[PDB]
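For reference, coords14.cif is printed below; it contains mmCIF, C-alpha atoms; chains and numbers go by the auth columns.
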data_structure
#
loop_
_atom_site.group_PDB
_atom_site.id
_atom_site.type_symbol
_atom_site.label_atom_id
_atom_site.label_comp_id
_atom_site.label_asym_id
_atom_site.label_seq_id
_atom_site.Cartn_x
_atom_site.Cartn_y
_atom_site.Cartn_z
_atom_site.B_iso_or_equiv
_atom_site.auth_seq_id
_atom_site.auth_asym_id
ATOM 1 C CA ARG A 1 -102.345 -179.699 -48.716 0.00 212 H
ATOM 2 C CA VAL A 2 -104.594 -178.374 -51.502 0.00 213 H
ATOM 3 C CA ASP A 3 -104.744 -180.364 -54.734 0.00 214 H
ATOM 4 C CA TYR A 4 -105.668 -177.448 -57.016 0.00 215 H
ATOM 5 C CA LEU A 5 -107.013 -178.387 -60.437 0.00 216 H
ATOM 6 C CA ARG A 6 -105.042 -176.173 -62.820 0.00 217 H
ATOM 7 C CA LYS A 7 -106.533 -175.260 -66.192 0.00 218 H
ATOM 8 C CA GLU A 8 -104.869 -173.944 -69.358 0.00 219 H
ATOM 9 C CA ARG A 9 -105.613 -173.339 -73.040 0.00 220 H
ATOM 10 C CA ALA A 10 -102.535 -174.120 -75.118 0.00 221 H
ATOM 11 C CA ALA A 11 -101.711 -175.004 -78.736 0.00 222 H
ATOM 12 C CA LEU A 12 -99.874 -177.680 -80.733 0.00 223 H
ATOM 13 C CA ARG A 13 -99.122 -178.157 -84.412 0.00 224 H
ATOM 14 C CA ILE A 14 -98.603 -181.706 -85.628 0.00 225 H
ATOM 15 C CA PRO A 15 -98.703 -183.396 -89.026 0.00 226 H
ATOM 16 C CA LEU A 16 -102.128 -184.824 -89.905 0.00 227 H
ATOM 17 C CA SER A 17 -100.485 -188.128 -90.895 0.00 228 H
ATOM 18 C CA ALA A 18 -99.495 -188.548 -87.232 0.00 229 H
ATOM 19 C CA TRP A 19 -102.432 -187.029 -85.302 0.00 230 H
ATOM 20 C CA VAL A 20 -104.914 -189.415 -83.650 0.00 231 H
ATOM 21 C CA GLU A 21 -108.286 -187.666 -84.104 0.00 232 H
ATOM 22 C CA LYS A 22 -110.258 -187.296 -80.845 0.00 233 H
ATOM 23 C CA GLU A 23 -112.346 -184.637 -79.068 0.00 234 H
ATOM 24 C CA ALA A 24 -110.676 -185.444 -75.733 0.00 235 H
ATOM 25 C CA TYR A 25 -107.571 -187.177 -74.357 0.00 236 H
ATOM 26 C CA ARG A 26 -107.286 -188.884 -70.971 0.00 237 H
ATOM 27 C CA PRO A 27 -104.056 -188.880 -68.902 0.00 238 H
ATOM 28 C CA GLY A 28 -102.018 -191.155 -71.157 0.00 239 H
ATOM 29 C CA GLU A 29 -104.017 -191.129 -74.396 0.00 240 H
ATOM 30 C CA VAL A 30 -102.190 -191.325 -77.747 0.00 241 H
ATOM 31 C CA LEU A 31 -102.352 -187.773 -79.149 0.00 242 H
ATOM 32 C CA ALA A 32 -100.128 -188.493 -82.170 0.00 243 H
ATOM 33 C CA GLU A 33 -97.957 -191.277 -83.589 0.00 244 H
ATOM 34 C CA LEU A 34 -94.991 -189.820 -85.445 0.00 245 H
ATOM 35 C CA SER A 35 -92.872 -191.904 -87.781 0.00 246 H
ATOM 36 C CA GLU A 36 -90.109 -189.426 -88.663 0.00 247 H
ATOM 37 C CA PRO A 37 -89.253 -186.981 -85.854 0.00 248 H
ATOM 38 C CA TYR A 38 -91.024 -183.599 -85.768 0.00 249 H
ATOM 39 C CA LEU A 39 -89.706 -180.153 -84.970 0.00 250 H
ATOM 40 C CA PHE A 40 -92.551 -178.177 -83.426 0.00 251 H
ATOM 41 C CA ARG A 41 -92.083 -174.550 -84.458 0.00 252 H
ATOM 42 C CA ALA A 42 -92.997 -171.378 -82.538 0.00 253 H
ATOM 43 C CA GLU A 43 -95.936 -169.649 -84.183 0.00 254 H
ATOM 44 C CA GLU A 44 -95.373 -166.341 -82.347 0.00 255 H
ATOM 45 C CA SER A 45 -92.425 -164.529 -80.741 0.00 256 H
ATOM 46 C CA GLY A 46 -91.452 -163.488 -77.195 0.00 257 H
ATOM 47 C CA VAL A 47 -89.565 -164.369 -73.981 0.00 258 H
ATOM 48 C CA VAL A 48 -90.006 -168.074 -73.049 0.00 259 H
ATOM 49 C CA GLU A 49 -91.344 -169.296 -69.696 0.00 260 H
ATOM 50 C CA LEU A 50 -90.787 -173.041 -69.362 0.00 261 H
ATOM 51 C CA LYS A 51 -93.409 -174.904 -67.325 0.00 262 H
ATOM 52 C CA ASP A 52 -92.142 -178.301 -66.142 0.00 263 H
ATOM 53 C CA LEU A 53 -95.199 -180.586 -65.722 0.00 264 H
ATOM 54 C CA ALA A 54 -94.603 -184.131 -64.376 0.00 265 H
ATOM 55 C CA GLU A 55 -93.791 -185.545 -67.836 0.00 266 H
ATOM 56 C CA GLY A 56 -95.340 -182.971 -70.209 0.00 267 H
ATOM 57 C CA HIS A 57 -94.194 -179.370 -70.865 0.00 268 H
ATOM 58 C CA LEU A 58 -95.933 -176.013 -71.178 0.00 269 H
ATOM 59 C CA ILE A 59 -94.255 -173.147 -73.059 0.00 270 H
ATOM 60 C CA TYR A 60 -95.473 -169.626 -72.281 0.00 271 H
ATOM 61 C CA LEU A 61 -94.412 -166.821 -74.603 0.00 272 H
ATOM 62 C CA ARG A 62 -94.443 -163.239 -73.374 0.00 273 H
ATOM 63 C CA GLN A 63 -94.079 -160.045 -75.386 0.00 274 H
ATOM 64 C CA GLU A 64 -93.743 -157.416 -72.659 0.00 275 H
ATOM 65 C CA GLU A 65 -96.058 -158.539 -69.839 0.00 276 H
ATOM 66 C CA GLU A 66 -98.889 -159.586 -72.191 0.00 277 H
ATOM 67 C CA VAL A 67 -98.601 -163.341 -72.684 0.00 278 H
ATOM 68 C CA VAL A 68 -98.870 -163.837 -76.436 0.00 279 H
ATOM 69 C CA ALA A 69 -98.811 -167.629 -76.657 0.00 280 H
ATOM 70 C CA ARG A 70 -99.329 -170.718 -74.540 0.00 281 H
ATOM 71 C CA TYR A 71 -97.658 -173.818 -76.019 0.00 282 H
ATOM 72 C CA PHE A 72 -98.261 -177.374 -74.872 0.00 283 H
ATOM 73 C CA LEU A 73 -95.650 -180.027 -75.553 0.00 284 H
ATOM 74 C CA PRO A 74 -96.805 -183.522 -74.564 0.00 285 H
ATOM 75 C CA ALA A 75 -94.829 -186.570 -73.439 0.00 286 H
ATOM 76 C CA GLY A 76 -92.241 -187.657 -75.992 0.00 287 H
ATOM 77 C CA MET A 77 -91.880 -184.023 -77.031 0.00 288 H
ATOM 78 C CA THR A 78 -89.004 -182.566 -75.055 0.00 289 H
ATOM 79 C CA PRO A 79 -88.194 -178.816 -74.994 0.00 290 H
ATOM 80 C CA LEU A 80 -85.442 -177.195 -76.987 0.00 291 H
ATOM 81 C CA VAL A 81 -85.698 -173.707 -75.551 0.00 292 H
ATOM 82 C CA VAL A 82 -85.021 -172.692 -71.942 0.00 293 H
ATOM 83 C CA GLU A 83 -86.267 -170.158 -69.384 0.00 294 H
ATOM 84 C CA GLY A 84 -85.596 -166.727 -70.827 0.00 295 H
ATOM 85 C CA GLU A 85 -84.855 -167.508 -74.436 0.00 296 H
ATOM 86 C CA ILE A 86 -86.100 -165.030 -76.944 0.00 297 H
ATOM 87 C CA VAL A 87 -87.829 -166.980 -79.673 0.00 298 H
ATOM 88 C CA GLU A 88 -88.538 -165.958 -83.272 0.00 299 H
ATOM 89 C CA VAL A 89 -91.594 -166.986 -85.328 0.00 300 H
ATOM 90 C CA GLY A 90 -90.448 -170.342 -86.648 0.00 301 H
ATOM 91 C CA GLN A 91 -87.815 -171.284 -84.121 0.00 302 H
ATOM 92 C CA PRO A 92 -88.064 -175.035 -83.335 0.00 303 H
ATOM 93 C CA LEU A 93 -89.525 -175.130 -79.802 0.00 304 H
ATOM 94 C CA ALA A 94 -89.446 -178.866 -79.230 0.00 305 H
ATOM 95 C CA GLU A 95 -88.543 -182.084 -80.942 0.00 306 H
ATOM 96 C CA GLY A 96 -91.272 -184.715 -80.974 0.00 307 H
ATOM 97 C CA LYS A 97 -89.820 -188.153 -81.623 0.00 308 H
ATOM 98 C CA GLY A 98 -92.014 -191.260 -81.283 0.00 309 H
ATOM 99 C CA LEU A 99 -95.412 -191.661 -79.676 0.00 310 H
ATOM 100 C CA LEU A 100 -97.007 -188.572 -78.077 0.00 311 H
ATOM 101 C CA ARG A 101 -99.154 -188.980 -74.987 0.00 312 H
ATOM 102 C CA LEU A 102 -100.853 -186.829 -72.381 0.00 313 H
ATOM 103 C CA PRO A 103 -99.034 -186.716 -68.996 0.00 314 H
ATOM 104 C CA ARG A 104 -99.941 -188.961 -66.008 0.00 315 H
ATOM 105 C CA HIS A 105 -102.270 -186.278 -64.660 0.00 316 H
ATOM 106 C CA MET A 106 -103.223 -184.150 -67.653 0.00 317 H
ATOM 107 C CA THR A 107 -106.581 -184.389 -69.331 0.00 318 H
ATOM 108 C CA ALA A 108 -107.241 -182.644 -72.601 0.00 319 H
ATOM 109 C CA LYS A 109 -110.830 -181.530 -72.917 0.00 320 H
ATOM 110 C CA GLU A 110 -112.636 -179.727 -75.756 0.00 321 H
ATOM 111 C CA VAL A 111 -109.670 -179.869 -78.169 0.00 322 H
ATOM 112 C CA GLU A 112 -110.794 -177.569 -80.983 0.00 323 H
ATOM 113 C CA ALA A 113 -108.653 -177.964 -84.109 0.00 324 H
ATOM 114 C CA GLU A 114 -108.135 -176.474 -87.586 0.00 325 H
ATOM 115 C CA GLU A 115 -107.138 -178.688 -90.519 0.00 326 H
ATOM 116 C CA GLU A 116 -104.445 -177.172 -92.710 0.00 327 H
ATOM 117 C CA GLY A 117 -102.963 -178.868 -95.769 0.00 328 H
ATOM 118 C CA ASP A 118 -100.718 -181.381 -94.018 0.00 329 H
ATOM 119 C CA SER A 119 -100.453 -179.882 -90.533 0.00 330 H
ATOM 120 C CA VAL A 120 -102.982 -179.761 -87.690 0.00 331 H
ATOM 121 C CA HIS A 121 -103.420 -176.950 -85.238 0.00 332 H
ATOM 122 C CA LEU A 122 -104.948 -178.167 -81.996 0.00 333 H
ATOM 123 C CA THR A 123 -105.899 -175.842 -79.177 0.00 334 H
ATOM 124 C CA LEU A 124 -106.353 -177.985 -76.093 0.00 335 H
ATOM 125 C CA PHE A 125 -108.233 -177.108 -72.890 0.00 336 H
ATOM 126 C CA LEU A 126 -105.921 -178.805 -70.413 0.00 337 H
ATOM 127 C CA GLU A 127 -106.432 -179.990 -66.855 0.00 338 H
ATOM 128 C CA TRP A 128 -104.020 -181.359 -64.233 0.00 339 H
ATOM 129 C CA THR A 129 -103.254 -181.323 -60.503 0.00 340 H
ATOM 130 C CA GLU A 130 -100.731 -179.106 -58.715 0.00 341 H
ATOM 131 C CA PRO A 131 -100.749 -179.812 -54.950 0.00 342 H
ATOM 132 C CA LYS A 132 -99.602 -176.919 -52.767 0.00 343 H
ATOM 133 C CA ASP A 133 -98.815 -177.365 -49.061 0.00 344 H
ATOM 134 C CA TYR A 134 -99.704 -174.564 -46.658 0.00 345 H
ATOM 135 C CA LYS A 135 -98.435 -173.367 -43.264 0.00 346 H
ATOM 136 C CA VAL A 136 -100.996 -173.219 -40.413 0.00 347 H
ATOM 137 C CA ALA A 137 -99.490 -171.334 -37.440 0.00 348 H
ATOM 138 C CA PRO A 138 -101.399 -171.631 -34.121 0.00 349 H
ATOM 139 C CA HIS A 139 -103.629 -168.542 -34.603 0.00 350 H
ATOM 140 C CA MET A 140 -104.917 -169.824 -37.953 0.00 351 H
ATOM 141 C CA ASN A 141 -108.379 -171.363 -37.984 0.00 352 H
ATOM 142 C CA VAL A 142 -109.218 -173.920 -40.641 0.00 353 H
ATOM 143 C CA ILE A 143 -112.661 -173.159 -42.103 0.00 354 H
ATOM 144 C CA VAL A 144 -112.948 -176.145 -44.455 0.00 355 H
ATOM 145 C CA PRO A 145 -113.103 -179.967 -44.008 0.00 356 H
ATOM 146 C CA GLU A 146 -110.832 -182.707 -45.375 0.00 357 H
ATOM 147 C CA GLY A 147 -111.550 -183.697 -48.985 0.00 358 H
ATOM 148 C CA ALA A 148 -113.450 -180.502 -49.772 0.00 359 H
ATOM 149 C CA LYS A 149 -114.243 -179.242 -53.263 0.00 360 H
ATOM 150 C CA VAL A 150 -113.310 -175.581 -52.923 0.00 361 H
ATOM 151 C CA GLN A 151 -113.666 -172.605 -55.317 0.00 362 H
ATOM 152 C CA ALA A 152 -111.467 -169.822 -56.729 0.00 363 H
ATOM 153 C CA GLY A 153 -111.801 -167.112 -54.086 0.00 364 H
ATOM 154 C CA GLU A 154 -112.811 -169.187 -51.068 0.00 365 H
ATOM 155 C CA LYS A 155 -111.394 -168.451 -47.614 0.00 366 H
ATOM 156 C CA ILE A 156 -109.859 -171.794 -46.662 0.00 367 H
ATOM 157 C CA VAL A 157 -107.828 -170.654 -43.620 0.00 368 H
ATOM 158 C CA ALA A 158 -108.742 -167.549 -41.621 0.00 369 H
ATOM 159 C CA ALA A 159 -106.595 -165.241 -39.458 0.00 370 H
ATOM 160 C CA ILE A 160 -106.628 -161.866 -37.652 0.00 371 H
ATOM 161 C CA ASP A 161 -104.201 -160.674 -40.341 0.00 372 H
ATOM 162 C CA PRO A 162 -105.145 -159.964 -43.992 0.00 373 H
ATOM 163 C CA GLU A 163 -101.656 -160.910 -45.294 0.00 374 H
ATOM 164 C CA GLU A 164 -101.702 -164.171 -43.305 0.00 375 H
ATOM 165 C CA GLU A 165 -105.133 -164.941 -44.829 0.00 376 H
ATOM 166 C CA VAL A 166 -105.546 -168.028 -47.000 0.00 377 H
ATOM 167 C CA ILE A 167 -107.669 -168.054 -50.153 0.00 378 H
ATOM 168 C CA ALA A 168 -108.147 -171.079 -52.409 0.00 379 H
ATOM 169 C CA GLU A 169 -106.161 -170.175 -55.506 0.00 380 H
ATOM 170 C CA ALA A 170 -108.528 -172.145 -57.759 0.00 381 H
ATOM 171 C CA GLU A 171 -110.795 -175.206 -58.021 0.00 382 H
ATOM 172 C CA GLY A 172 -109.126 -177.606 -55.549 0.00 383 H
ATOM 173 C CA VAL A 173 -109.741 -180.523 -53.166 0.00 384 H
ATOM 174 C CA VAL A 174 -108.606 -179.504 -49.684 0.00 385 H
ATOM 175 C CA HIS A 175 -106.822 -182.051 -47.482 0.00 386 H
ATOM 176 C CA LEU A 176 -105.878 -182.074 -43.788 0.00 387 H
ATOM 177 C CA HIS A 177 -102.389 -183.307 -42.962 0.00 388 H
ATOM 178 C CA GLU A 178 -100.384 -183.691 -39.719 0.00 389 H
ATOM 179 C CA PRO A 179 -102.810 -182.851 -36.877 0.00 390 H
ATOM 180 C CA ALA A 180 -101.204 -181.442 -33.719 0.00 391 H
ATOM 181 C CA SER A 181 -103.325 -184.161 -32.069 0.00 392 H
ATOM 182 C CA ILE A 182 -105.752 -186.966 -32.804 0.00 393 H
ATOM 183 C CA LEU A 183 -108.949 -187.227 -30.709 0.00 394 H
ATOM 184 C CA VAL A 184 -110.802 -190.526 -30.393 0.00 395 H
ATOM 185 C CA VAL A 185 -114.452 -190.514 -29.354 0.00 396 H
ATOM 186 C CA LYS A 186 -116.484 -193.663 -28.588 0.00 397 H
ATOM 187 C CA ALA A 187 -119.193 -191.997 -30.679 0.00 398 H
ATOM 188 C CA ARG A 188 -121.410 -193.101 -33.573 0.00 399 H
ATOM 189 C CA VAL A 189 -121.459 -190.927 -36.714 0.00 400 H
ATOM 190 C CA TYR A 190 -124.589 -190.063 -38.723 0.00 401 H
ATOM 191 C CA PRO A 191 -124.034 -188.013 -41.915 0.00 402 H
ATOM 192 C CA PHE A 192 -126.813 -185.693 -43.151 0.00 403 H
ATOM 193 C CA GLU A 193 -127.638 -183.733 -46.345 0.00 404 H
ATOM 194 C CA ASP A 194 -129.925 -180.747 -45.592 0.00 405 H
ATOM 195 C CA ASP A 195 -131.339 -179.287 -42.340 0.00 406 H
ATOM 196 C CA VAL A 196 -130.569 -180.767 -38.870 0.00 407 H
ATOM 197 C CA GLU A 197 -133.275 -181.279 -36.226 0.00 408 H
ATOM 198 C CA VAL A 198 -131.280 -181.657 -32.983 0.00 409 H
ATOM 199 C CA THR A 199 -129.171 -179.085 -31.040 0.00 410 H
ATOM 200 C CA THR A 200 -125.719 -179.856 -29.555 0.00 411 H
ATOM 201 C CA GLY A 201 -125.329 -181.471 -26.149 0.00 412 H
ATOM 202 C CA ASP A 202 -128.795 -182.974 -26.468 0.00 413 H
ATOM 203 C CA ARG A 203 -129.881 -186.274 -24.983 0.00 414 H
ATOM 204 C CA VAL A 204 -130.779 -188.810 -27.631 0.00 415 H
ATOM 205 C CA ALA A 205 -131.967 -192.452 -27.658 0.00 416 H
ATOM 206 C CA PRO A 206 -132.098 -195.299 -30.190 0.00 417 H
ATOM 207 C CA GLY A 207 -134.558 -194.161 -32.854 0.00 418 H
ATOM 208 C CA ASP A 208 -134.448 -190.471 -31.917 0.00 419 H
ATOM 209 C CA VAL A 209 -134.604 -188.277 -35.047 0.00 420 H
ATOM 210 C CA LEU A 210 -131.332 -186.509 -35.953 0.00 421 H
#
structure tokens encoding of this file:
Amino acid sequence: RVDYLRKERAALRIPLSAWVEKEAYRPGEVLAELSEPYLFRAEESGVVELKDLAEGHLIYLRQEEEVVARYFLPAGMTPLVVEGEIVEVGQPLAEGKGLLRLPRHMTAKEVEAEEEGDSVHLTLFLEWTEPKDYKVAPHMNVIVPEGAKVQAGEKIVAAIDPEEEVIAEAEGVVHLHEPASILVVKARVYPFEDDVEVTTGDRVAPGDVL
């Protein structure tokens, strides 16, 4: 199981009168408090990809293959459009009703925003977790430990086949689940940070440097 940290820059328009002004929102934080309901309108046109995210929503808008917009609709703002709609500049994308919070797992960082008459345009650098499970067939050698910070482009699991190969899709903590066997050693474990002094199989006594 790899708990990839997914990252996305998306936008949201909301009325000043309702926006809670911050430079960052933590999974649950009160983004905006709307009195009267708000119809969030599409600021560009294209074919709509709906991204279902725990409790929040991410709209992607594609003209041809070039994504033209990325729209973020928080909690308490539910979609109006569906996978494959064609949307025109000003079509109500979602209806925001009451209080508007970040999802259970979504952090908003570095929210840059423009102030505009009565409306606010926020562009939010978003972060959340999307755990993917992976197959490991006998002739696949794990090359990473459990609980490992791993980078975009890192061979996690190796194989004699390039198609079978596993690469870490992005920044993600790697976990080890369901071991074909557990192995219990009467040993004593001594973690280290830089260079080791002692070779494997060696004889070692109380006080012997490791």
Next on the checklist: as a ChimeraX atom specification, please: the residues near residue 268 in chain H (cut-off 12 Å, only C-alpha atoms, same-chain neighbours under 3 positions excluded).
Outcome noted: /H:221-223,260-265,271,281-293,304-307,312-314,317,337
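Evaluating the PyMOL selection byres ((chain H and resi 229) around 7) against the shown model yields residues 226, 227, 228, 230, 231, 243, 244 and 245 of chain H.
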Checklist entry - Nearest to residue 220 in chain H among H:347, H:400, H:367, H:269, with distances taken over only C-alpha atoms: which residue is it? => result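 Closest to residue 220 in chain H, using only C-alpha atoms: H:269.
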Checklist entry - Of the residues H:382, H:247, H:413, H:338, which is the one nearest to residue 318 in chain H, using only C-alpha atoms? => result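 Once distances to residue 318 in chain H are computed over only C-alpha atoms, the minimum belongs to H:338.
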For this file, the PyMOL selection byres ((chain H and resi 371) around 12) selects which residues, as a short mmCIF file (atom, residue, chain, number, x, y, z; two decimals) with C-alpha atoms, in the coordinates of the input?
data_model
loop_
_atom_site.label_atom_id
_atom_site.label_comp_id
_atom_site.auth_asym_id
_atom_site.auth_seq_id
_atom_site.Cartn_x
_atom_site.Cartn_y
_atom_site.Cartn_z
CA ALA H 348 -99.49 -171.33 -37.44
CA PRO H 349 -101.40 -171.63 -34.12
CA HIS H 350 -103.63 -168.54 -34.60
CA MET H 351 -104.92 -169.82 -37.95
CA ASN H 352 -108.38 -171.36 -37.98
CA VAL H 368 -107.83 -170.65 -43.62
CA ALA H 369 -108.74 -167.55 -41.62
CA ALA H 370 -106.60 -165.24 -39.46
CA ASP H 372 -104.20 -160.67 -40.34
CA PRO H 373 -105.14 -159.96 -43.99
CA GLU H 374 -101.66 -160.91 -45.29
CA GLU H 375 -101.70 -164.17 -43.30
CA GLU H 376 -105.13 -164.94 -44.83
CA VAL H 377 -105.55 -168.03 -47.00
#
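Counting from CA of residue 232 in chain H, the distance to CA of residue 301 in chain H is 25.0 Å.
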Item to check | Result set of the PyMOL selection byres ((chain H and resi 389) around 12) on the coordinates above, as a list in words | outcome: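 Output from the PyMOL selection byres ((chain H and resi 389) around 12), applied to this file: residues 212, 344, 345, 346, 347, 357, 386, 387, 388, 390, 391, 392 and 393 of chain H.
Atom to atom, CA of residue 215 in chain H and CA of residue 267 in chain H stand 17.6 Å apart.
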Checklist entry - Could you state the separation of CA of residue 309 in chain H and CA of residue 296 in chain H in Å, given to one decimal place? => result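 Calculated distance between CA of residue 309 in chain H and CA of residue 296 in chain H is 25.7 Å.
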Next on the checklist: Calculated over only C-alpha atoms, which of the candidates H:378, H:250, H:213, H:225 has the smallest distance to residue 324 in chain H?
Outcome noted: H:225
Item to check | H:332, H:366, H:397, H:320 ranked by distance to residue 234 in chain H, top pick (using only C-alpha atoms) | outcome: H:320
